[PDB]
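Reminder, nothing fancy here: chain letters follow the sequence lines and each chain counts from 1. Atom set for the values below is all heavy atoms of this structure, side chains included, hydrogens, waters and symmetry mates excluded.
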Amino acid sequence: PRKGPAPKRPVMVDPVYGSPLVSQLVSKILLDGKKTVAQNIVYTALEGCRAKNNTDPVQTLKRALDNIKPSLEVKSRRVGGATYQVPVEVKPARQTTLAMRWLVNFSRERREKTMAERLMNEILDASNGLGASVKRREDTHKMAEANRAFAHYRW
Amino acid sequence: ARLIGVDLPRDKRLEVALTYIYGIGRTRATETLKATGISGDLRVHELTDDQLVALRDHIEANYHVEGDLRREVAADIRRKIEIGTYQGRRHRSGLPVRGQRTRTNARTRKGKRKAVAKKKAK
Amino acid sequence: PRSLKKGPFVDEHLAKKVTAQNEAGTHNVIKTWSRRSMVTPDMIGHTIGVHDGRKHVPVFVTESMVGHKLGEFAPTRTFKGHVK
Amino acid sequence: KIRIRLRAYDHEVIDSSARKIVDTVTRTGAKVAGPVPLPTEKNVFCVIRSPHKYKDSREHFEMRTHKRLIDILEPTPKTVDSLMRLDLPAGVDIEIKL
Amino acid sequence: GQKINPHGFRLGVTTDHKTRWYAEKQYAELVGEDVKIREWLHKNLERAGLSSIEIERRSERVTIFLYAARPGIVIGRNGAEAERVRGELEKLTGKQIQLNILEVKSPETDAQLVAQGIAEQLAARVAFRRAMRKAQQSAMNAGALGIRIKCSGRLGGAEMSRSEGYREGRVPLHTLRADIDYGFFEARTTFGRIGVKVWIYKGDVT
Amino acid sequence: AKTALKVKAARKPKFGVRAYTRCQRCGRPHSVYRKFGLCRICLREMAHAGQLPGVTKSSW
RNA sequence: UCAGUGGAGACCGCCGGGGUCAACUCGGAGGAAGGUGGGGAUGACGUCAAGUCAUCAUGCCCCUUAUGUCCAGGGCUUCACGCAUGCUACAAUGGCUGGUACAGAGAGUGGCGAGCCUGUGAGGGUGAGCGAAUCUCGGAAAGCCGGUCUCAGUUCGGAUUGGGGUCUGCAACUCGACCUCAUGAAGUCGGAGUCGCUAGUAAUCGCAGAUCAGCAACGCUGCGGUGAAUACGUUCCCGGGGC
RNA sequence: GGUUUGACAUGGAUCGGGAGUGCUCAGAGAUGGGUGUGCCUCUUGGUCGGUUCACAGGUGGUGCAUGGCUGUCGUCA
Ligand SMILES: CON(C)Cc1ccc(O)c2c1C[C@H]1C[C@H]3[C@H](N(C)C)C(O)=C(C(N)=O)C(=O)[C@@]3(O)C(O)=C1C2=O
Ligand SMILES: [Mg+2]
Ligand SMILES: [Mg+2]
Ligand SMILES: [Mg+2]
Ligand SMILES: [Mg+2]
Ligand SMILES: [Mg+2]
Ligand SMILES: [Mg+2]
Ligand SMILES: [Mg+2]
Ligand SMILES: [Mg+2]
Ligand SMILES: [Mg+2]
Ligand SMILES: [Zn+2]
């Protein structure tokens, strides 16, 4: 807004796994205002993760988030009579938000039956380095590199 | 050709395979199962002919089904047409019969929108 | 529809007119505004001019009419189609 | 014993009437339970502000009924006569349950 | 066009209701008789000049306070007019009416009578500017802290409608603790009618 | 409203179901409150003028 | 605890910095609450010959065995179409089914009706109680838990149509709601374009009231339940403010 | 399809005692015809009747003749 940066609500931690990441994940799933449904989905996905690999589900979620985190992304610019795609570096909070949003959206887009282990499959694939989320991260980075010539328009 | 005139779809529970019959709904199928004393949670491909024909006999005895009910419904509509009631006139016109509004949509009876050219403003 | 335990509704003057017609010969047209009334077997074979808003359109009541109201056979709106 | 229900639209006159009743009965001995306040009836009316074609702007009104309760523990027929003969403001009514 | 009634705005806060009775099964019929009483009194006692009609009820008995500038018309000769209006009131309602008529200490300060007088002058075809200035000057001679008068309509018998107004002092319409008396009347002329509205800031109240 | 309509509404109907309310001050047939008769406009103006006991503006 | 009367409490008042000072501003303590704490009421001078002669009132004009007025029937509910506001959806964060938690705000004597009996049910028959912080509406739903369906134009969706009914009403043909049996349409997330929202908000979940015999209410005004994401910023779009 | 001082007001006269209604008949109903019941004071009122007389009635016109009320720019400064 014009007035200034609005305050941010503090992020709570998940009672079970003790990480703000899982709370952010459930709040991102969180369709229709059904917190209990969303975190049932999230807990089921994390338990499926620890079932298929011995490593900790919170650690595998973290690894997936780092594999989906974008470093820079392009935004539209109205310089002159044509629009430009100016690449801009992404702050850690913004990139965590982008990673979570992409993870959730592509989990919803996956072909498997149930959301819980659609999200589980997507998390495992991202942690390994595969999947639609990682593909989108690579594509956005590729397009930022293609339009890298406009790094001097940053303000 | 499993039941009267319809083939029950394999790998589907009996309680809904029965509803697959014309003239049989959810509650009608449930009654039928309770009368015949046949479970409803077993797939159709495990159905012995004796219980199959017992179910067929119960349905045929109690219920108007398939061609019979279809002919009865067509006869009722034709009777409305030939008597000339308001409902019959709406049936002939292919327009809603149960006092539905026809100004805005009435679409499931009027078919797809056949848009027409109208007067043009200046 | 009307409750069964209340019986059919015949407008109590249409009934008396059709009864008089039965007593004195079932040959006359009975003019009425009682679209409200229920067709009954006792009037079968009569001809009744049911008002439709502007004219008493005649209907010859047959066997199958009985389960219907008098006004069902006297359409009130004319459409004929849009354009021509 | 002996119920007194007071109902009005203004809590000032409700309180004044309750104080008058309790001070009267006491002046005639009769110790009496304190005036206990019942929940206030809250009727709400929404009205289109304009006389025509303006529905998004409306005015809301309430009719709040304030109710108080008095118990006359002591029978005291003298207080009975006093409570039937005294005068109360027009806005508040009285209900005596013997 | 977009201003609230000052009396309704301050109702319950500073000013009080004109009717004081309680009834929960007859409420509508008592409202109807009250409307009949007020309409009858207004229609038949214009000459006296009515500031307010205040209605009370105890038990099938109605009490009417008539705040009038000149109760001479209401009382007639030795209370004859008062008796006749009371009798008409029983005829109209069917209940025991106790009617009392009260003065207004400062009719030049009460807004309703001020609107009464301004509308009467407009009907008698006095220049509206002169009438408004006279009313304003009289109000401030009395000692009101603020006057505001607005006459709207075919002022001066013209064709277009105007909304001419006068004001000085202070009239804080937005302040609830501000004691603002509001009056309105309609001058019935040969050219429709003129709406005269008067706000008078009596002072500040708790 | 029309005077004939007002008097017809006042008089007892032929069939009980045929009765209706009418604004008892105004004659308006729409938006008439059972609690106190009157109508939308009549309620608003009379509540503002203060002739309706207990009725005040609500701003909860 | 609550009910409802009367008080207290927040004032940049205290502490520190900035601010020539000064208004303000930043941080901190205390505190339920901190910089207007949240929301409502409140709409300046005026603008648009904006709306309303149909709520009422009224100038002038017009009607006066009719443009008054009464009545029955009809219409305001039409349907090649177009727009607009909504509702239900297109399913698995879901459908069905059994069990089991947690509300608020309201209404009620031609009314709210418990309980019992009867019916598949709408309902019917009896029928207490309550003019109501007492009695009734009453069940909250979402949710949780168990079972089941297994991606299927479906056990999604519930339009339409056929049968049998109930209730209100003098009367449900035109033109009512509801129950039940059967029927099972389009719809696979929607083109250009466009809308709402900055927090207990959006999203969703049910509940109550006004009018009202009944009800086409999915509307309107309220009520609580669950409960987010994001705001770098003013470059651009729309509206506005000072010079 | 009925009605014409009218469905409803207010006031003068003029003939009055019932008005107003119960049951029936005809009618789609309005309405009309039956039949029962029939003022309280008082010698001059309440109530109604006609005939009139005044008059009523209009959701008929003009929101660009108006009042009132409201939207709106705009919670804008
Ligand atoms: C036609 O008669 N002559 C020529 C002038 C005229 C005369 C008398 C009137 O009483 C009006 C008018 C013009 C119309 C125009 C209307 C129109 N509207 C109906 C869409 C409009 O475009 C607006 C607007 N958007 O602002 C208006 O102003 C409007 O509503 C209005 O006020 C009007 C009137 O009533
Ligand atoms: Mg009605
Ligand atoms: Mg303010
Ligand atoms: Mg205009
Ligand atoms: Mg007119
Ligand atoms: Mg319509
Ligand atoms: Mg009550
Ligand atoms: Mg905001
Ligand atoms: Mg205008
Ligand atoms: Mg217009
Ligand atoms: Zn009104």
Let's test this: given Watson-Crick or G-U wobble pairing with both distances under 3.5 Å, identify the partner of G29(H). none
Reckon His60(D) touches a base, only the sugar-phosphate, or nothing at all at heavy-atom distances under 4.0 Å? sugar-phosphate
With sequence neighbours left out, the residues meeting ring-ring contact (aromatic ring centres under 6.0 Å, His included) with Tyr84(A) are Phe150(A), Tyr153(A)
Report yes or no: is the cationic atom of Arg70(B) (NZ for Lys, CZ for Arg) under 6.0 Å from the centre of the six-membered ring of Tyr22(B), at an angle within 45° of the ring normal? yes
Indicate yes or no for a side-chain donor-acceptor contact from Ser27(A) to the backbone of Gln24(A) under 3.5 Å, with no hydrogens or angles considered. no
Are the ring of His82(C) and the six-membered base ring of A80(G) within the stacking cut-offs of under 5.5 Å and under 30°? yes
How is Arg148(E) classified with respect to the nucleic acid when contacts are heavy atoms under 4.0 Å: base, sugar-phosphate, or nothing? sugar-phosphate
Does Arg25(F) reach the main-chain N or O of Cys42(F) with its side chain, forming a donor-acceptor pair under 3.5 Å? no
Quick check against the 3.5 Å criterion: does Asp15(D) have a side-chain atom that pairs as donor or acceptor with the backbone of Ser17(D)? no
Listed pairs under 3.5 Å, donor-acceptor, residues 69-84 of chain C side chains, sequence neighbours left out:
unit_1, atom_1, unit_2, atom_2, d
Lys69(C), NZ, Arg36(C), O, 3.2
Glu72(C), OE1, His68(C), ND1, 3.0

Side-chain N or O of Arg13(B) versus OP1/OP2 of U150(G): is the shortest distance under 4.0 Å? no
The correct pucker label for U78(G), given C1'-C2'-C3'-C4' positive equals north and negative equals south, is south
Short side-chain N/O contact to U5(G) OP1/OP2 from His66(D), under 4.0 Å: yes
Extract all donor-acceptor atom pairs below 3.5 Å that involve side chains of residues 30-39 of chain F and protein atoms in other chains or at least two apart in sequence.
unit_1, atom_1, unit_2, atom_2, d
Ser31(F), OG, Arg40(F), N, 3.4
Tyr33(F), OH, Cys46(D), O, 2.8

Record whether the side chain of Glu12(D) comes under 3.5 Å of the base of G6(G) through a donor-acceptor pair of N or O atoms. no
Without swapping roles, check the side chain of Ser3(C) against the backbone of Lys5(C) for a donor-acceptor pair under 3.5 Å. no
A student applying the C1'-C2'-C3'-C4' rule, positive for north and negative for south, should call the sugar of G200(G) south
Give one of base, sugar-phosphate or nothing for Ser3(C), where a contact means two heavy atoms less than 4.0 Å apart. base
Taking for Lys12(B) and for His174(E) the nucleotide of RNA chain G with the nearest heavy atom, the one nearer the 5' end belongs to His174(E)
Kindly say whether, by distance alone, the side chain of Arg58(D) makes a donor-acceptor pair under 3.5 Å with the base of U221(G)? no
When both distances are under 3.5 Å in a Watson-Crick or G-U wobble arrangement, the nucleotide paired with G143(G) is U100(G)
Quick check on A171(G): is either OP1 or OP2 less than 4.0 Å from any side-chain nitrogen or oxygen of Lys6(C)? yes
Taking donor-acceptor contacts at under 3.5 Å, does the side chain of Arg108(A) reach the base of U93(G)? yes
Rounding to an integer number of Å, can you tell me how far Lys35(A) NZ sits from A228(G) P? 4 Å
Nucleotide-resolved protein contact map, nucleotides 201-214 of chain G, B/S/- at heavy-atom distance under 4.0 Å: --BS-----SSBB-
Mind checking if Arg103(B) touches a base, just sugar-phosphate, or nothing, with heavy atoms under 4.0 Å? base
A192(G), syn or anti by chi within 90 degrees of zero: anti
So what does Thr102(B) touch, heavy atoms closer than 4.0 Å: a base, only the sugar-phosphate, or nothing? base
Would the base of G40(G) count as contacting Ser59(F) through its side chain, where contact means a donor and an acceptor less than 3.5 Å apart? yes
Below 4.0 angstrom, which residues in residues 2-10 of chain F have at least one non-hydrogen atom near RNA chain G? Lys2(F), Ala4(F), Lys8(F)
Can you find a donor-acceptor pair, distance only, under 3.5 Å between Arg113(B) side chain and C81(G) base? no
Using a strict 4.0 Å threshold on nitrogen-to-oxygen distance, state whether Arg64(D) and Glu62(D) make a salt bridge. yes
NA contact type, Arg2(A), heavy-atom cut-off 4.0 Å: base, sugar-phosphate, or nothing? base
Between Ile24(B) (CD1) and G163(G) (P), how many Å, whole number? 19 Å
Generate the contact string for nucleotides 121-130 of chain G. Rules: B means base contact, S means sugar-phosphate contact only, - means no protein heavy atom under 4.0 Å. ----------
Quick one: label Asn43(D) by what it contacts on the DNA or RNA (base, sugar-phosphate, nothing), any heavy atom closer than 4.0 Å. sugar-phosphate
Counting N and O atoms only, with roles assigned by atom type, does the side chain of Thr30(B) sit under 3.5 Å from a partner on the main chain of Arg26(B), one being a donor and the other an acceptor? yes
Tell me whether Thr175(E) contacts the main-chain N or O of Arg177(E) through its side chain, where contact means a donor paired with an acceptor under 3.5 Å. no
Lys197(E) or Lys14(F): which one's nearest nucleotide on RNA chain H is closer to the 5' end? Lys14(F)
Quick one: does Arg44(F) reach the base of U55(G) with a side-chain donor-acceptor pair under 3.5 Å? no
Would you indicate, yes or no, if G6(G) has its OP1 or OP2 atom less than 4.0 angstrom from a side-chain nitrogen or oxygen of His11(D)? yes
Does anything in residues 93-100 of chain B come within less than 4.0 Å of RNA chain H? Heavy atoms only, and list the residues if so. none
With sequence neighbours left out, the residues meeting salt bridge (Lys or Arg N to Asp or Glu O under 4.0 Å) with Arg2(C) are none
Is any side-chain nitrogen or oxygen of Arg35(C) closer than 4.0 Å to OP1 or OP2 of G74(G)? yes
Atom CG in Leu43(F), atom NE2 in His48(F): separation rounded to 0.5 Å? 9.0 Å
Counting only Watson-Crick and G-U wobble pairs whose two distances fall below 3.5 Å, is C14(G) partnered with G139(G)? no
Please tell me which of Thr32(C) and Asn5(E) maps to the more 5' nucleotide of RNA chain H, matching each residue to the nucleotide holding its nearest heavy atom. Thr32(C)
In whole angstrom, give the distance that lies between atom CG of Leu30(A) and atom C1' of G143(G). 14 Å
Pick out the pairs of N or O atoms, protein on one side and nucleotides 189-195 of chain G on the other, that lie under 3.5 Å.
none

Pairwise N/O distances under 3.5 Å, protein to nucleotides 223-225 of chain G:
unit_1, atom_1, unit_2, atom_2, d
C223(G), OP1, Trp60(F), NE1, 3.2

Holding to ring-ring contact (aromatic ring centres under 6.0 Å, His included), I want the full list of residues that pass it with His60(D), two or more places apart in sequence or in another chain. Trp60(F)
Kindly say whether, by distance alone, the side chain of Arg28(F) makes a donor-acceptor pair under 3.5 Å with the base of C56(G)? no
So is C236(G) sitting in a Watson-Crick or G-U wobble pair with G73(G), both distances under 3.5 Å? no
Can you find a side chain N or O atom of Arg118(A) that sits less than 4.0 Å from OP1 or OP2 on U93(G)? yes
Between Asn40(A) and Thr36(A), is any side-chain donor less than 3.5 angstrom from a side-chain acceptor? no
Could you check whether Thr40(D) gets within reach of a base, just the sugar-phosphate, or nothing at all, counting any heavy atom under 4.0 Å? sugar-phosphate
Kindly state each residue pair satisfying salt bridge (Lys or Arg N to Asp or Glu O under 4.0 Å) with at least one member in residues 6-24 of chain F, sequence neighbours excluded. none
Closest contact, heavy atoms only, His52(D) versus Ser50(D): O-OG, 2.8 Å
If you look at every strand shown and take non-hydrogen atoms under 4.0 Å, does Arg90(B) touch a base, only sugar-phosphate, or nothing? sugar-phosphate
